[PDB]
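Step one of this worksheet: look at the structure below.
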Amino acid sequence: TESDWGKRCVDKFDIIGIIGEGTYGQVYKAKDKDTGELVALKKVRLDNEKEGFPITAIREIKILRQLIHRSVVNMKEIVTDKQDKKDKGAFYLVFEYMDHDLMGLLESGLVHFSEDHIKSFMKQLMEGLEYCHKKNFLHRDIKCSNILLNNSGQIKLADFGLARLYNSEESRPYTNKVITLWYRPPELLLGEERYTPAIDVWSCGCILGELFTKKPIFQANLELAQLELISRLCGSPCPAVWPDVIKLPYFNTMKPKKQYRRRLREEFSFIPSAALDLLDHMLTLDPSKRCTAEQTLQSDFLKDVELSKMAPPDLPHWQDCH
Amino acid sequence: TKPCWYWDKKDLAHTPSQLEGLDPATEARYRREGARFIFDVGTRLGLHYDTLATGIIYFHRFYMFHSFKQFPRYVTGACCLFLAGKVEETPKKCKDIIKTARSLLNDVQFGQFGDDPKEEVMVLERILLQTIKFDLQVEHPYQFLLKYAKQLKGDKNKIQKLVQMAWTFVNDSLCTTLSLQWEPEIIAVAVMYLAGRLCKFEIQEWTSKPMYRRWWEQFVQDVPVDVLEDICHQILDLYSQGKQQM
Ligand SMILES: CN(C)C/C=C/C(=O)Nc1ccc(O[C@@H]2CCC[C@@H](Nc3ncc(Cl)c(-c4c[nH]c5ccccc45)n3)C2)cc1
C-alpha cells in the first residue's frame, strides 16, 4: 500500500538531460536509482504561478489516474523537489521512458515501415483509443508527435493536455479549436462544438495515410486553405453525403474553390486494398458515418492482427544525440 | 493503485491532533467551524454543492495527516476551497476567496492568515496536494441521493419531502467525519433511512418489493441496518444541544 504520490523526492532520479519543451515545464530524461528503469520527468513549476498549481495539469492528472492501458501513456508517480513550509519548489510527473516518437522516425528518413509494422502499430493505437472513448474521454491532440514508440515495437499515446470527458447520453457543447490544423477534421474547421469522439478517428486516419506516405497528407497554414486541401482529396462537403453540413456556422462562408469529386482511392492505390478500405471509412466527411474506434478494430486490415506473433521493427538504437 | 481514504472508529480517535494533546471535543469543534467556513465562503462566491463538498473532504482528509496545532483551520479551509474550485472546473480567483474570507471572519479568526493572506494560501497548496496524494476526483452523496430517489414511484409530495430533508442531512454530515468513515453511497442511503423514520414514511412501499422491508438492498449492497443506525446517531448528535433545527 505505497500508492502515495507526491512524497518521494526528485533526488532519487539522476537527470541525464532535457528531451524537449513541455507544456508546463521542461521534460527531463532520468534513471531511477532504486530500480534502474529509465524514466521521463514532466516538470510542473509552481513559483510565480498566478493561480498556483496549473489547472491544465490538474486535468491531466485526473485523466491519467483513470487510463490504465497498454497503449495509453502511464503515469508512474509524482515526485517533488527538495523541501525544508514557506519554500519554493516544483513537482515532477513520472512516466515510463519511450525510446522514439512517430513524427521523428518518419522525418529521420532512416526508417521505413513494412505492412506488418503498420498493422501492429495501428492495432495498438486503435485498441488504446477504443479504451479511451469507452471511458467517455476525447483525446484532442492525436498527431505524429504524440505517438511514442519504444524499441520493442510497442505504441503508446503520448500526452493528454487537451483531453476531456464526453457525455454519451445527451450531447452537450464542447471546445472548438483543439487539434493541429494538419489532423483537424472538417466539422471542426466549420465550427462544430457539439462534436463526437469522431474527431480522433479523423486524426488517426491521417496517421495511417502518413505511414504509407512518410509525409502529412494535409499541410496548410489557415483553416480555409486546409479545407481546400481536404476537399481536393475527400470531396467537397455538401448535403448529398452529409445531411447536417448545412447546420455548420462556416459552411457557406468557407466554400471550396470548386465542387470536387472524391478521388481518394485514386491517389492512394499503392496502399493495400484492405488498408485503403479502412482509410476510406476513416476519412468520410460526415462524422455520423465515420467509423467508430471499435469498427476499425473489426476491419479486415486489423481483425486478424496477432500482436504476439509480430516481429520487432528495424528501429535504430542510436538515439540521434546525448 | 488507489489509496484507501477510510478509517475505523479507533483510527479516528488517534488523529495527529489527538496525539499532540488536543481533546476530541475541541477537534470536533474545529472541524465544524472549518466545514461551515468552506461552505459559507463557497456559497457567497456562487459555488455549487459538488465543489463545497470536495473542499470539505480535502479538509477532513488533511487533518488526518496533520494537526490543528500546526496548521490554522481557516487557512486550510480556504486552500481546500481554492483547490476544489480548480478540480471541479469552477475556479475562483485567490483574491476573491480572501476578500470573502475577511467579510466572514472576525479580527481574531482572520489573524490566522497573517500579513499576506494570499501568500499563506499559495504555499499551503503544495502540502495539501501532497497530503491528498494527488487524488483529486471525489464523489459525493448528493448525486446518489438523486439517483436513488428517482427510481421511487409513489406519492409525489411525500418523495419530494423525503429528498429535501435528506438533502439537509447531507449538508450536516459534512460537518462530521462520516466522509472519512463510509462511502458516499452508504451516506446517501443512511440519510434516506433517517428521513424515512422522522417522516414516518414506508420507503419500501414506493419500490418494486413492497413486501421486502430492507428497501435499500436494491441500491447498495451488504449494508446491515446497524451501520445505518450508526450514521443516523452521528447526524442527530449535531442536532443535540440545540445546535440546529431539524
Ligand atoms: C539531429 N537532431 C534533430 C538533433 C539531436 C535533437 C534531439 O532530438 N534530442 C533529443 C530529443 C528528443 C528526445 O526524446 C526522444 C524523442 C522521441 C520520443 C521520446 N520518448 C518519450 N518518452 C517518454 C516521454 Cl514522457 C516522452 C514525452 C511525452 N511528452 C513529452 C513532451 C516533451 C518531451 C518528451 C515527452 N517521450 C524520446 C531525446 C533526445
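Convention: chains lettered A, B, ... in C-alpha cells order; per-chain residue numbering from 1; ligands numbered from 1 as shown.
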
- Message: Show me, as number ranges by chain, the residues that have an atom within 6 Å of stretch 29-44 of chain A when counting only C-alpha atoms, minus same-chain residues fewer than 4 positions from it.
- Response: A: 12-17, 24-25, 90-97

Closest pair table for chain A residues within 10 Å of ligand 1, only C-alpha atoms and all ligand atoms, as a Markdown table:
| residue | atom | partner | partner_atom_place_in_ligand_line | distance |
| --- | --- | --- | --- | --- |
| A:17 | CA | ligand 1 | 39 (C) | 8.1 |
| A:18 | CA | ligand 1 | 39 (C) | 7.2 |
| A:19 | CA | ligand 1 | 13 (C) | 4.2 |
| A:20 | CA | ligand 1 | 33 (C) | 3.9 |
| A:21 | CA | ligand 1 | 32 (C) | 5.2 |
| A:22 | CA | ligand 1 | 32 (C) | 4.5 |
| A:23 | CA | ligand 1 | 31 (C) | 7.4 |
| A:24 | CA | ligand 1 | 31 (C) | 9.8 |
| A:25 | CA | ligand 1 | 32 (C) | 8.9 |
| A:26 | CA | ligand 1 | 32 (C) | 7.0 |
| A:27 | CA | ligand 1 | 33 (C) | 5.0 |
| A:28 | CA | ligand 1 | 33 (C) | 7.4 |
| A:29 | CA | ligand 1 | 38 (C) | 7.8 |
| A:38 | CA | ligand 1 | 23 (C) | 9.2 |
| A:39 | CA | ligand 1 | 23 (C) | 6.8 |
| A:40 | CA | ligand 1 | 25 (Cl) | 4.9 |
| A:41 | CA | ligand 1 | 25 (Cl) | 6.7 |
| A:42 | CA | ligand 1 | 25 (Cl) | 6.9 |
| A:73 | CA | ligand 1 | 25 (Cl) | 7.7 |
| A:74 | CA | ligand 1 | 25 (Cl) | 8.8 |
| A:75 | CA | ligand 1 | 25 (Cl) | 8.6 |
| A:93 | CA | ligand 1 | 25 (Cl) | 8.5 |
| A:94 | CA | ligand 1 | 25 (Cl) | 7.4 |
| A:95 | CA | ligand 1 | 25 (Cl) | 5.1 |
| A:96 | CA | ligand 1 | 23 (C) | 5.9 |
| A:97 | CA | ligand 1 | 23 (C) | 4.0 |
| A:98 | CA | ligand 1 | 22 (N) | 3.6 |
| A:99 | CA | ligand 1 | 37 (C) | 4.7 |
| A:100 | CA | ligand 1 | 17 (C) | 3.4 |
| A:101 | CA | ligand 1 | 18 (C) | 4.0 |
| A:102 | CA | ligand 1 | 17 (C) | 7.6 |
| A:103 | CA | ligand 1 | 17 (C) | 8.3 |
| A:104 | CA | ligand 1 | 17 (C) | 6.5 |
| A:105 | CA | ligand 1 | 17 (C) | 8.2 |
| A:107 | CA | ligand 1 | 3 (C) | 9.4 |
| A:108 | CA | ligand 1 | 1 (C) | 8.3 |
| A:145 | CA | ligand 1 | 18 (C) | 8.0 |
| A:146 | CA | ligand 1 | 29 (N) | 7.4 |
| A:147 | CA | ligand 1 | 18 (C) | 8.2 |
| A:148 | CA | ligand 1 | 18 (C) | 5.6 |
| A:149 | CA | ligand 1 | 18 (C) | 7.1 |
| A:150 | CA | ligand 1 | 20 (N) | 7.4 |
| A:156 | CA | ligand 1 | 22 (N) | 9.5 |
| A:157 | CA | ligand 1 | 28 (C) | 8.9 |
| A:158 | CA | ligand 1 | 28 (C) | 5.3 |
| A:159 | CA | ligand 1 | 29 (N) | 5.6 |
| A:160 | CA | ligand 1 | 29 (N) | 9.2 |
| A:161 | CA | ligand 1 | 29 (N) | 9.8 |
| A:319 | CA | ligand 1 | 39 (C) | 6.9 |
| A:320 | CA | ligand 1 | 5 (C) | 5.2 |
| A:321 | CA | ligand 1 | 5 (C) | 4.5 |
| A:322 | CA | ligand 1 | 39 (C) | 6.4 |

Expected file: the selected residues, N, CA and C atoms, as a short mmCIF file (atom, residue, chain, number, x, y, z; two decimals), in the first residue's frame:
data_model
loop_
_atom_site.label_atom_id
_atom_site.label_comp_id
_atom_site.auth_asym_id
_atom_site.auth_seq_id
_atom_site.Cartn_x
_atom_site.Cartn_y
_atom_site.Cartn_z
N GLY A 17 19.52 14.55 -19.00
CA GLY A 17 19.44 15.70 -19.87
C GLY A 17 18.02 15.99 -20.29
N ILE A 18 17.80 17.18 -20.82
CA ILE A 18 16.49 17.59 -21.29
C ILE A 18 16.20 16.90 -22.62
N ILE A 19 14.92 16.59 -22.84
CA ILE A 19 14.49 15.88 -24.04
C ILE A 19 13.45 16.65 -24.84
N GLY A 20 13.00 17.80 -24.36
CA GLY A 20 12.02 18.58 -25.10
C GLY A 20 11.41 19.64 -24.23
N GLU A 21 10.66 20.53 -24.88
CA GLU A 21 9.96 21.62 -24.22
C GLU A 21 8.53 21.19 -23.95
N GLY A 22 8.20 20.97 -22.68
CA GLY A 22 6.88 20.54 -22.29
C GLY A 22 5.89 21.69 -22.17
N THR A 23 4.65 21.33 -21.83
CA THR A 23 3.59 22.32 -21.72
C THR A 23 3.80 23.21 -20.50
N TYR A 24 3.89 22.60 -19.32
CA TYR A 24 4.09 23.35 -18.08
C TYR A 24 5.56 23.62 -17.82
N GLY A 25 6.41 22.61 -17.98
CA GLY A 25 7.84 22.76 -17.76
C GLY A 25 8.62 21.85 -18.68
N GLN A 26 9.94 22.02 -18.65
CA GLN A 26 10.81 21.19 -19.46
C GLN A 26 10.65 19.72 -19.07
N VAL A 27 10.93 18.84 -20.03
CA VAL A 27 10.83 17.39 -19.83
C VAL A 27 12.24 16.82 -19.77
N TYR A 28 12.53 16.07 -18.71
CA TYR A 28 13.85 15.52 -18.47
C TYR A 28 13.86 14.01 -18.63
N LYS A 29 15.01 13.48 -19.02
CA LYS A 29 15.25 12.04 -19.02
C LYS A 29 16.11 11.69 -17.81
N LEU A 38 14.78 3.51 -16.80
CA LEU A 38 14.80 4.83 -17.42
C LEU A 38 13.40 5.42 -17.45
N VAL A 39 13.29 6.69 -17.08
CA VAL A 39 12.01 7.37 -16.96
C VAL A 39 12.10 8.74 -17.61
N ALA A 40 10.98 9.46 -17.60
CA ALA A 40 10.90 10.83 -18.09
C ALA A 40 10.14 11.67 -17.08
N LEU A 41 10.64 12.87 -16.83
CA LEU A 41 10.09 13.75 -15.80
C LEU A 41 9.48 14.98 -16.46
N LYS A 42 8.19 15.21 -16.22
CA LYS A 42 7.50 16.40 -16.69
C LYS A 42 7.44 17.40 -15.55
N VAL A 73 -0.20 6.26 -22.39
CA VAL A 73 0.96 6.59 -21.56
C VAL A 73 0.56 6.52 -20.10
N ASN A 74 1.39 5.87 -19.29
CA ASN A 74 1.07 5.62 -17.89
C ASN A 74 1.93 6.51 -17.00
N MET A 75 1.29 7.13 -16.01
CA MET A 75 1.98 7.99 -15.05
C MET A 75 2.33 7.16 -13.82
N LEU A 93 6.16 14.93 -12.87
CA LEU A 93 5.37 13.77 -13.27
C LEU A 93 6.29 12.72 -13.87
N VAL A 94 6.12 11.47 -13.44
CA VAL A 94 6.99 10.37 -13.84
C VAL A 94 6.23 9.49 -14.82
N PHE A 95 6.84 9.25 -15.98
CA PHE A 95 6.30 8.35 -16.99
C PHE A 95 7.37 7.35 -17.41
N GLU A 96 6.92 6.19 -17.88
CA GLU A 96 7.86 5.23 -18.46
C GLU A 96 8.50 5.83 -19.71
N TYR A 97 9.81 5.67 -19.86
CA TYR A 97 10.55 6.34 -20.93
C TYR A 97 10.44 5.53 -22.24
N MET A 98 9.70 6.07 -23.22
CA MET A 98 9.59 5.53 -24.58
C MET A 98 10.87 5.88 -25.34
N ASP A 99 11.25 5.03 -26.31
CA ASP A 99 12.52 5.37 -26.99
C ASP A 99 12.31 6.44 -28.11
N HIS A 100 11.20 6.40 -28.87
CA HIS A 100 11.03 7.29 -30.05
C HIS A 100 9.59 7.77 -30.18
N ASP A 101 9.38 8.83 -30.98
CA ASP A 101 8.03 9.23 -31.40
C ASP A 101 7.87 9.04 -32.90
N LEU A 102 6.62 9.08 -33.36
CA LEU A 102 6.34 8.79 -34.76
C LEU A 102 6.87 9.91 -35.66
N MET A 103 6.59 11.16 -35.31
CA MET A 103 6.99 12.28 -36.16
C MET A 103 8.49 12.28 -36.41
N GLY A 104 9.28 11.80 -35.46
CA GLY A 104 10.72 11.79 -35.61
C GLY A 104 11.22 10.68 -36.51
N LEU A 105 10.66 9.47 -36.35
CA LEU A 105 11.13 8.34 -37.14
C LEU A 105 10.87 8.55 -38.63
N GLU A 107 10.49 11.67 -40.17
CA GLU A 107 11.40 12.73 -40.61
C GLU A 107 12.83 12.24 -40.69
N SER A 108 13.20 11.29 -39.81
CA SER A 108 14.57 10.79 -39.79
C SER A 108 15.01 10.27 -41.15
N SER A 145 3.60 13.58 -33.53
CA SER A 145 4.47 13.90 -32.40
C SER A 145 3.91 13.42 -31.07
N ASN A 146 2.66 12.97 -31.03
CA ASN A 146 2.04 12.47 -29.81
C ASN A 146 1.80 10.96 -29.86
N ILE A 147 2.62 10.24 -30.63
CA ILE A 147 2.56 8.79 -30.72
C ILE A 147 3.96 8.27 -30.44
N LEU A 148 4.19 7.79 -29.22
CA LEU A 148 5.50 7.33 -28.79
C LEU A 148 5.68 5.85 -29.09
N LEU A 149 6.91 5.47 -29.42
CA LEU A 149 7.23 4.10 -29.79
C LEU A 149 8.59 3.73 -29.23
N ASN A 150 8.62 2.72 -28.35
CA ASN A 150 9.87 2.21 -27.83
C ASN A 150 10.52 1.27 -28.85
N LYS A 156 2.36 3.83 -27.95
CA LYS A 156 1.67 4.44 -26.79
C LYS A 156 1.20 5.85 -27.15
N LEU A 157 -0.01 6.22 -26.75
CA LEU A 157 -0.49 7.62 -26.94
C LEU A 157 0.35 8.45 -25.98
N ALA A 158 0.65 9.70 -26.33
CA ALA A 158 1.65 10.45 -25.53
C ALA A 158 1.13 11.36 -24.43
N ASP A 159 0.53 12.49 -24.77
CA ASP A 159 0.17 13.45 -23.74
C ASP A 159 -1.28 13.88 -23.89
N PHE A 160 -1.99 13.93 -22.76
CA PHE A 160 -3.41 14.26 -22.74
C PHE A 160 -3.66 15.67 -22.21
N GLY A 161 -2.91 16.65 -22.72
CA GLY A 161 -3.11 18.02 -22.27
C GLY A 161 -4.46 18.58 -22.65
N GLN A 319 19.90 6.65 -30.55
CA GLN A 319 19.07 7.87 -30.46
C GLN A 319 19.98 8.99 -30.97
N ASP A 320 19.50 9.86 -31.86
CA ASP A 320 20.30 10.91 -32.57
C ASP A 320 21.00 11.99 -31.72
N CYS A 321 21.21 11.88 -30.39
CA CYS A 321 22.08 12.90 -29.74
C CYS A 321 22.67 12.31 -28.45
N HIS A 322 22.51 13.04 -27.33
CA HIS A 322 23.01 12.66 -25.98
C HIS A 322 24.40 12.03 -26.05
#

Dump as CSV the rows for residues of chain A within 7 Å of chain B: closest atom pair and distance in Å with one decimal, only C-alpha atoms counted, ordered by chain and rising residue number.
residue,atom,partner,partner_atom,distance
A:3,CA,B:1,CA,5.7
A:4,CA,B:133,CA,5.3
A:5,CA,B:133,CA,4.7
A:6,CA,B:130,CA,4.9
A:7,CA,B:130,CA,6.3
A:51,CA,B:94,CA,6.9
A:52,CA,B:122,CA,6.2
A:55,CA,B:86,CA,6.0
A:58,CA,B:87,CA,6.7
A:62,CA,B:137,CA,6.5
A:85,CA,B:123,CA,6.8
A:86,CA,B:123,CA,6.2

Restrict the selected residues to N, CA, C and O atoms and save them as an mmCIF file, in the first residue's frame.
data_model
loop_
_atom_site.group_PDB
_atom_site.id
_atom_site.type_symbol
_atom_site.label_atom_id
_atom_site.label_comp_id
_atom_site.auth_asym_id
_atom_site.auth_seq_id
_atom_site.Cartn_x
_atom_site.Cartn_y
_atom_site.Cartn_z
ATOM 1 N N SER A 3 0.914 3.382 -2.788
ATOM 2 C CA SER A 3 0.456 4.205 -3.941
ATOM 3 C C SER A 3 0.204 5.629 -3.451
ATOM 4 O O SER A 3 -0.847 6.197 -3.802
ATOM 5 N N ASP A 4 1.129 6.165 -2.656
ATOM 6 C CA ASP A 4 1.005 7.549 -2.135
ATOM 7 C C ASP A 4 1.939 8.451 -2.943
ATOM 8 O O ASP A 4 3.160 8.325 -2.777
ATOM 9 N N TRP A 5 1.380 9.321 -3.788
ATOM 10 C CA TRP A 5 2.215 10.154 -4.640
ATOM 11 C C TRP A 5 2.592 11.451 -3.932
ATOM 12 O O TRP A 5 2.044 11.809 -2.886
ATOM 13 N N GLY A 6 3.552 12.161 -4.527
ATOM 14 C CA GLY A 6 3.976 13.457 -4.044
ATOM 15 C C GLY A 6 4.986 13.440 -2.917
ATOM 16 O O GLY A 6 5.641 14.463 -2.682
ATOM 17 N N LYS A 7 5.140 12.317 -2.214
ATOM 18 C CA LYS A 7 6.046 12.281 -1.070
ATOM 19 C C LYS A 7 7.492 12.062 -1.501
ATOM 20 O O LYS A 7 8.398 12.738 -1.001
ATOM 21 N N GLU A 51 -2.233 31.477 -10.469
ATOM 22 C CA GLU A 51 -3.280 30.731 -9.782
ATOM 23 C C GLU A 51 -2.737 29.500 -9.063
ATOM 24 O O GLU A 51 -3.510 28.612 -8.692
ATOM 25 N N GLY A 52 -1.425 29.430 -8.856
ATOM 26 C CA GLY A 52 -0.834 28.280 -8.202
ATOM 27 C C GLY A 52 -0.684 27.092 -9.127
ATOM 28 O O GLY A 52 -0.281 27.247 -10.285
ATOM 29 N N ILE A 55 -4.171 24.595 -13.639
ATOM 30 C CA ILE A 55 -5.384 23.799 -13.781
ATOM 31 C C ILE A 55 -5.275 22.856 -14.973
ATOM 32 O O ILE A 55 -5.912 21.797 -14.994
ATOM 33 N N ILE A 58 -3.915 19.820 -13.577
ATOM 34 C CA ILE A 58 -4.891 19.130 -12.740
ATOM 35 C C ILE A 58 -5.808 18.266 -13.593
ATOM 36 O O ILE A 58 -6.207 17.167 -13.188
ATOM 37 N N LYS A 62 -6.163 14.121 -13.349
ATOM 38 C CA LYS A 62 -7.462 13.493 -13.138
ATOM 39 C C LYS A 62 -7.758 12.441 -14.200
ATOM 40 O O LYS A 62 -8.445 11.452 -13.923
ATOM 41 N N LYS A 85 7.301 24.471 5.465
ATOM 42 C CA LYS A 85 6.559 25.388 4.608
ATOM 43 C C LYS A 85 7.415 26.584 4.202
ATOM 44 O O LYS A 85 8.610 26.634 4.495
ATOM 45 N N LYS A 86 6.790 27.542 3.517
ATOM 46 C CA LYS A 86 7.438 28.804 3.161
ATOM 47 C C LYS A 86 8.686 28.579 2.310
ATOM 48 O O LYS A 86 9.689 29.282 2.449
#

- Message: Can you pull out the residues contacting residue A:241? Cut-off 12 Å, using only C-alpha atoms, and skip same-chain residues under 6 positions away; I want them as a ChimeraX atom specification.
- Response: /A:234-235,261-262,284-290

Export C-alpha atoms of the chosen residues as an mmCIF file, in the first residue's frame?
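Full text of again02.cif as output:
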data_model
loop_
_atom_site.group_PDB
_atom_site.id
_atom_site.type_symbol
_atom_site.label_atom_id
_atom_site.label_comp_id
_atom_site.auth_asym_id
_atom_site.auth_seq_id
_atom_site.Cartn_x
_atom_site.Cartn_y
_atom_site.Cartn_z
ATOM 1 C CA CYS A 234 -12.001 13.549 -49.915
ATOM 2 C CA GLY A 235 -14.503 15.549 -51.976
ATOM 3 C CA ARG A 261 -15.265 14.608 -56.524
ATOM 4 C CA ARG A 262 -13.867 12.005 -54.136
ATOM 5 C CA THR A 284 -15.575 10.354 -44.530
ATOM 6 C CA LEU A 285 -16.591 13.994 -44.137
ATOM 7 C CA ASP A 286 -19.847 13.203 -42.333
ATOM 8 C CA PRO A 287 -18.937 12.178 -38.753
ATOM 9 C CA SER A 288 -22.218 10.255 -38.393
ATOM 10 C CA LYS A 289 -20.987 7.676 -40.931
ATOM 11 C CA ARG A 290 -17.297 7.836 -39.982
#

- Taking only C-alpha atoms into account, which of B:206, B:220, B:164, B:214 comes nearest residue B:189?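 Closest to residue B:189, using only C-alpha atoms: B:220.
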
- Among listed residues A:237, A:72, A:166, A:59, nearest residue A:129 (using only C-alpha atoms):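 Nearest candidate to residue A:129 out of A:237, A:72, A:166, A:59: A:72.
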
- Would you mind listing what lies within 10 Å of residue B:186 as a list in words, with only C-alpha atoms counted and same-chain residues fewer than 2 positions away left out?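 In the requested form, the answer reads residues 141, 144, 178, 179, 181, 182, 183, 184, 188, 189, 190, 191, 192, 216, 219, 220, 221, 223, 227, 228 and 231 of chain B.
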
Let's have the selection written as a PDB file, in the first residue's frame, with N, CA and C atoms.
ATOM      1  N   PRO B 141     -22.347  12.280  -1.731  1.00  0.00           N
ATOM      2  CA  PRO B 141     -23.650  11.622  -1.546  1.00  0.00           C
ATOM      3  C   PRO B 141     -24.800  12.311  -2.260  1.00  0.00           C
ATOM      4  N   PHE B 144     -25.865  10.517  -5.503  1.00  0.00           N
ATOM      5  CA  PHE B 144     -26.538   9.258  -5.203  1.00  0.00           C
ATOM      6  C   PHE B 144     -27.904   9.482  -4.571  1.00  0.00           C
ATOM      7  N   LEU B 178     -18.015  11.536   8.876  1.00  0.00           N
ATOM      8  CA  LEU B 178     -18.670  10.421   8.196  1.00  0.00           C
ATOM      9  C   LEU B 178     -18.023  10.142   6.845  1.00  0.00           C
ATOM     10  N   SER B 179     -17.686  11.197   6.098  1.00  0.00           N
ATOM     11  CA  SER B 179     -16.997  11.004   4.826  1.00  0.00           C
ATOM     12  C   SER B 179     -15.701  10.226   5.008  1.00  0.00           C
ATOM     13  N   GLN B 181     -15.437   7.853   7.072  1.00  0.00           N
ATOM     14  CA  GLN B 181     -15.846   6.560   7.607  1.00  0.00           C
ATOM     15  C   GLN B 181     -16.474   5.650   6.562  1.00  0.00           C
ATOM     16  N   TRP B 182     -17.417   6.157   5.772  1.00  0.00           N
ATOM     17  CA  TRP B 182     -18.179   5.332   4.848  1.00  0.00           C
ATOM     18  C   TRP B 182     -18.169   5.948   3.457  1.00  0.00           C
ATOM     19  N   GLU B 183     -18.417   5.102   2.459  1.00  0.00           N
ATOM     20  CA  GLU B 183     -18.567   5.586   1.098  1.00  0.00           C
ATOM     21  C   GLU B 183     -19.785   6.501   1.005  1.00  0.00           C
ATOM     22  N   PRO B 184     -19.773   7.468   0.086  1.00  0.00           N
ATOM     23  CA  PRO B 184     -20.943   8.347  -0.056  1.00  0.00           C
ATOM     24  C   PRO B 184     -22.219   7.592  -0.378  1.00  0.00           C
ATOM     25  N   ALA B 188     -25.716   8.412   1.494  1.00  0.00           N
ATOM     26  CA  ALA B 188     -26.971   8.772   0.843  1.00  0.00           C
ATOM     27  C   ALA B 188     -28.094   7.829   1.254  1.00  0.00           C
ATOM     28  N   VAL B 189     -27.792   6.535   1.377  1.00  0.00           N
ATOM     29  CA  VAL B 189     -28.797   5.582   1.835  1.00  0.00           C
ATOM     30  C   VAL B 189     -29.175   5.857   3.284  1.00  0.00           C
ATOM     31  N   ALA B 190     -28.189   6.204   4.116  1.00  0.00           N
ATOM     32  CA  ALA B 190     -28.454   6.406   5.537  1.00  0.00           C
ATOM     33  C   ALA B 190     -29.357   7.610   5.773  1.00  0.00           C
ATOM     34  N   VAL B 191     -29.088   8.727   5.093  1.00  0.00           N
ATOM     35  CA  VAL B 191     -29.898   9.927   5.293  1.00  0.00           C
ATOM     36  C   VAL B 191     -31.335   9.690   4.850  1.00  0.00           C
ATOM     37  N   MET B 192     -31.542   8.803   3.876  1.00  0.00           N
ATOM     38  CA  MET B 192     -32.902   8.447   3.482  1.00  0.00           C
ATOM     39  C   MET B 192     -33.579   7.604   4.555  1.00  0.00           C
ATOM     40  N   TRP B 216     -33.388  -0.710   0.946  1.00  0.00           N
ATOM     41  CA  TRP B 216     -32.127  -0.164   0.459  1.00  0.00           C
ATOM     42  C   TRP B 216     -31.257  -1.201  -0.239  1.00  0.00           C
ATOM     43  N   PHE B 219     -30.321  -0.649  -3.742  1.00  0.00           N
ATOM     44  CA  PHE B 219     -29.477   0.484  -4.094  1.00  0.00           C
ATOM     45  C   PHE B 219     -28.010   0.222  -3.793  1.00  0.00           C
ATOM     46  N   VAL B 220     -27.692  -0.147  -2.552  1.00  0.00           N
ATOM     47  CA  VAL B 220     -26.344  -0.527  -2.159  1.00  0.00           C
ATOM     48  C   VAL B 220     -26.380  -1.968  -1.659  1.00  0.00           C
ATOM     49  N   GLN B 221     -25.193  -2.541  -1.474  1.00  0.00           N
ATOM     50  CA  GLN B 221     -25.048  -3.965  -1.214  1.00  0.00           C
ATOM     51  C   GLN B 221     -24.323  -4.207   0.104  1.00  0.00           C
ATOM     52  N   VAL B 223     -25.092  -3.847   3.482  1.00  0.00           N
ATOM     53  CA  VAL B 223     -25.069  -2.798   4.498  1.00  0.00           C
ATOM     54  C   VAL B 223     -26.138  -3.103   5.540  1.00  0.00           C
ATOM     55  N   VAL B 227     -25.351  -0.472  10.634  1.00  0.00           N
ATOM     56  CA  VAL B 227     -24.486   0.557  10.065  1.00  0.00           C
ATOM     57  C   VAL B 227     -25.280   1.828   9.798  1.00  0.00           C
ATOM     58  N   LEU B 228     -26.520   1.684   9.325  1.00  0.00           N
ATOM     59  CA  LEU B 228     -27.367   2.852   9.113  1.00  0.00           C
ATOM     60  C   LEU B 228     -27.693   3.540  10.432  1.00  0.00           C
ATOM     61  N   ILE B 231     -24.777   5.862  11.427  1.00  0.00           N
ATOM     62  CA  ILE B 231     -24.723   7.129  10.703  1.00  0.00           C
ATOM     63  C   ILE B 231     -25.833   8.058  11.175  1.00  0.00           C
TER      64      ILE B 231
END
